[PDB]
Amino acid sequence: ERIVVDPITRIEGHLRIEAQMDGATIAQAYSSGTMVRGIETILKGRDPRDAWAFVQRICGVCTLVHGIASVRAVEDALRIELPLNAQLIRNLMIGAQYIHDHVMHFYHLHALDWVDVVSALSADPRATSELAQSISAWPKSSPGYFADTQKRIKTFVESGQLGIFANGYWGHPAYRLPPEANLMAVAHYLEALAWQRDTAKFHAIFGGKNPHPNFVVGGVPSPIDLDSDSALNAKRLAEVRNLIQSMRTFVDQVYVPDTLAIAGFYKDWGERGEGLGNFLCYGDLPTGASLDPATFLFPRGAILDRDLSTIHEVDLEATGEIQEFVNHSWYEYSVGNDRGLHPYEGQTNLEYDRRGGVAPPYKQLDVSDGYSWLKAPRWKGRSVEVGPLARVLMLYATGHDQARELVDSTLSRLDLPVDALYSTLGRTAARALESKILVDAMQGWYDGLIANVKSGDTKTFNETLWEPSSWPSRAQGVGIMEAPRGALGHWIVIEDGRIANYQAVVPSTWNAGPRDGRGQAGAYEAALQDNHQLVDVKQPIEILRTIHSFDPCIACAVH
C-alpha cells in the first residue's frame, strides 16, 4: 500500500510521511508526528513566571521563540507594559534568531536536496571560483580554496566512511546543478557552520547562553549600566554591533545570492508544492515599547484563496476562529473527538490506542482515525499555511516597499510570474528574502537602543506586577509571535497565582498537522498532493524537497 518515509531526516524531530501513489504520482499524502512529551500537561499548577523556561524547551532549533511567546502571554494576561529597552532587546534577539535559523535551515537542512555532493568532486576549482565571483562579492572564492575544500571532501568520500553522506541520493536525475555550483554550495555549507556559531554569541550577550537564552516576564533580565563591570556597557554594546554586521554580510553575500543562483535551475519547482492557497500571520516586531499590531514590521492578517487584494482580520480570542481538531490525532476531547477547541479551552489528553495508534513494530499507519501526535489547527474551518511564505505574501499585499522590490526583482531575475510564489520554490525563496528584510531592520533597533540609553533611560524591567499577590485571582492572555516557521501563540489561563491551562499552537502544528473531520488536508499533505511525481520511491528526493521547504519542526508541532 502506501509508500513510507520514516524518518524524515534534515528536519527537527520525528516525522513520518506516507503517500498513496497513482503510478509515479502522489495521489494522497499523510503527515504523521511520531513523538510526544505533553509539555502543556507538565505546566498545569506551576508558576506563570516560570512557564517560559519550560516551554522554551519545546524546541532548541527555534530556541528563544517559545520563551518570547510565553512571557508575552503572561504580560498579556496581566497587562504588563514593557520598558522600551526591553522591547528593543527582544526585537534584536528575535531578528538574530531568524537569521541564524534560516541560514542553517537553508545550508544544513535543505541544500542537500538540491546540491549533489559527489558531483562537487568533479568541479574544476577555477571555474568554481569564476562562478562564485560572478554572483557575489564574498571574499572567500579563490581557486586554491575551492581546490582545498574539494580535496577534503574527496579524501572523506574515498575513505569509505561516508558518515552522514552514506546511502545518499547522489546522481539522482532530480539533481541539476553543474559540478561548479555543487562545489560552491558545499564550501558555503562549511562557511555557514563557522558563521552560525559566531552569530550565536549575540543571544549569549543578552540572554546568557545559546541555545536556550533567559527571559523574564515584564522585561529582559540583562540590565544596562554603562559604569558597571556586570551589566551591558559600551564594551558589550561594541561586541553586539560587530555581530550585526557579520549577520548582514553573510545574508547579503552568501545566503541570498546562493538561493537565487540555485533557484534558476529549479524553476519548475515554482509549479508545485502549495495546495491550500490560505496564509495566516499574527504579525510581530513593534517599532516601540507597546506590542501594538499597527506598528509591527510583520503585519497581522490572513489571505484566503491566493487573493492578495483583501487581508482578513485575525482575532486570537474569538472561540470560533482558531480551533484545534483531533478527528485524526491521538488525543481525547471530553467534548467529543469531532469538536474543535479554541486554545483557551484546549485539552491535551494523550490517547494512542483508542484513537487507532498502531502497536510497534508496524509498517503502515492506520489513517482512518488518529494518525499523528499533531493536533489539526484550523482558522475559521480552513487549513492554512504559516511561515515565511505567509509573511512575504502579507508584506507584499500590504505595500511594504522593500518586500515588494525584493519579490519583484526575484521573480523578474527568474523570469517567473507572481503565481510561482505559491510553491516549494517560492517558499524557499521567501525564507531568504525575509532574512534580508530582518537583517536590515537590526541596525534600526540597535541604534534606537543606543539612543534611548544615551538619553538617560536605562530601565529594562517593569517590576510592578512581579509578585503573584499583585495579580487578579483570575486572568487569561495570549502571547503571539512570528517564529521563523510562522505564527506561534501561547494561550494561558491563570487561577490563584497558578497555571490553570496553558495551550500552545505552534507554526509546524498548523503546517504539518493532519486531516480534520471534513477530510481537509494540512499544508504538507496538500503540498505533496499538488503536482508531485516520484522517479524512485526508494530515493524520494521530491518529497524531501517540498517537505524541507516548510522547515518542519515536530518537537515544536507536538510539544
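The numbering used is simple: start at 1 and walk along the sequence shown.
Here the stretch with the larger average CA B-factor, out of 199-207 and 364-372, is 364-372. Stretch comparison (45-53 versus 515-523) by mean CA B-factor in the PDB entry places 515-523 on top. The entry assigns its greatest Cα B factor, within the set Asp227, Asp101, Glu345, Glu191, to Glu345. Residue set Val240, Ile80, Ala432, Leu112: peak C-alpha B-factor at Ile80 (per PDB entry).
Residue-level temperature factors show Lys436 in the lowest third of its chain, judged at the C-alpha atom. Placement of the Cα temperature factor of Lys267 within the chain: middle third of the modelled residues, per the deposited record. In this PDB entry, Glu18 carries a Cα temperature factor that places it within the middle third of its chain's modelled residues. The entry lists a Cα temperature factor for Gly168 that places it in the middle third of the chain's modelled residues. The PDB entry assigns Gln150 a C-alpha temperature factor belonging to the middle third of its chain's modelled residues.
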